[PDB]
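The form deposited in one PDB entry is given below as one chain in structure tokens.
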């Protein structure tokens, strides 16, 4: 008899009608397929043959059914159970008057990539689609820390207080870049761009990456994302990207773990009855962002939750368990164009928890499904996890790496004090200031005219005009 086990050896089942069974069985069959094909000396060339693939997939399945294999998962029994009870008890809180709302969640150890528990859906018995591991949806604005701002910072093209343009602007086709029914405002710090999840600042950031020839694909692929076309305007808003929750959880794991990626996994070992190791997870850690970059981003995402602008999460959690709400949470929300998908990604230094909600047919959620319902659900979910394993979230704080450089910049320009040229009259540029965190060697540049990320000639006119009137 083959058994699937929790991470401490306790048996999950013999080879039973929920997500856990089918998800861990599927992954194991995949690992068995690879072992068996290698064992039988099947070249990767012969492995291309579709009749051969089919035979080896069935072999792997039967090999488990019949054999005496021990399959060690990463799953934590108390944690995963709590997470199931949570979704059964509180999942109704997702329903926002747009029909039954589906959900997927993945809880991941930041230092290993191991998956400690997950939520595949509202109720396997009614809908078997696995929303943690199978369904792919746009990650929307949760793309921005990874693909736009994180890389800009890591490339030394901006720092924690750099200014960006949220002035009105169009896609190449001439259409307005929208954020909800807003069409934009004026300049703003990275903090505000992130806390509000504005779109124009993300657009301009990714334009600057393109203009500088930055290898964005390299960052993304190091974390296991497959994106077919990087040449998309709305890429940093999640356009052209579809991800599972497990995959996307792994990106935020990278940020949380000070820039070091660990590949997600639910299977840790497969052994034959006699001990022969058939499969074993091999950890391959990769420094995707510099320690400076990640710790600076950690500090921005702390205020994304604190500010409470796009999510009620900290309020919800404070009420349920104020001691847990005092742990060091950082996070980012996301919303697709027709309120089709909502994400909330949460981390402590120890764990990351990814969450998505939506409909299987892709129809719209209510305007507040992400801001409110999913934040509240996730608060309950995080509470449930803590009560099942009191120390699992940890009490450690995120902190800036020593390698972080700190420059005093002007609040107004996000840049160092200096002279600068505004039609005629070149200005001494005074005003109040702040400490900006950079991930390069020199830190903030001297102030120059085109001070923001992005913006039109009109834009800089209005801005400097408003700025100078303030001297």
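Numbering follows the first chain given and starts at 1. The term rigid core refers to the maximal set of C-alpha atoms that superpose within 1.5 Å between the two forms.
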Missing residues of the deposited chain between residue 15 and residue 16 number 10 or more
Of 215 to 223 and 169 to 177, the stretch with the higher mean C-alpha B-factor in the deposited entry is 169 to 177
Looking only at C-alpha temperature factors in the entry, 424 to 432 or 63 to 71, the higher average sits in 424 to 432
Per the deposited B-factor column, the C-alpha that peaks among 396, 192, 274, 360 belongs to 274
For residue 26, the third of its chain by CA B-factor is the lowest
Of the three thirds of Cα B-factor ranks in this chain, residue 100 occupies the highest
Temperature factor at the Cα of residue 269, chain-ranked in thirds, falls in the middle
Temperature factor at the Cα of residue 256, chain-ranked in thirds, falls in the middle
Binned into thirds over the chain's modelled residues, the C-alpha B-factor of residue 229 lands in the middle
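What comes next is about the form deposited in another entry, which does not appear here.
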Out of 422, 434, 446, 47, the position with Cα displaced 2 angstroms or more between the shown form and the other one on rigid-core fit is 47
### Query
Against the rigid core, is the Cα displacement of residue 403 between the shown form and the other one at least 2 Å?
no
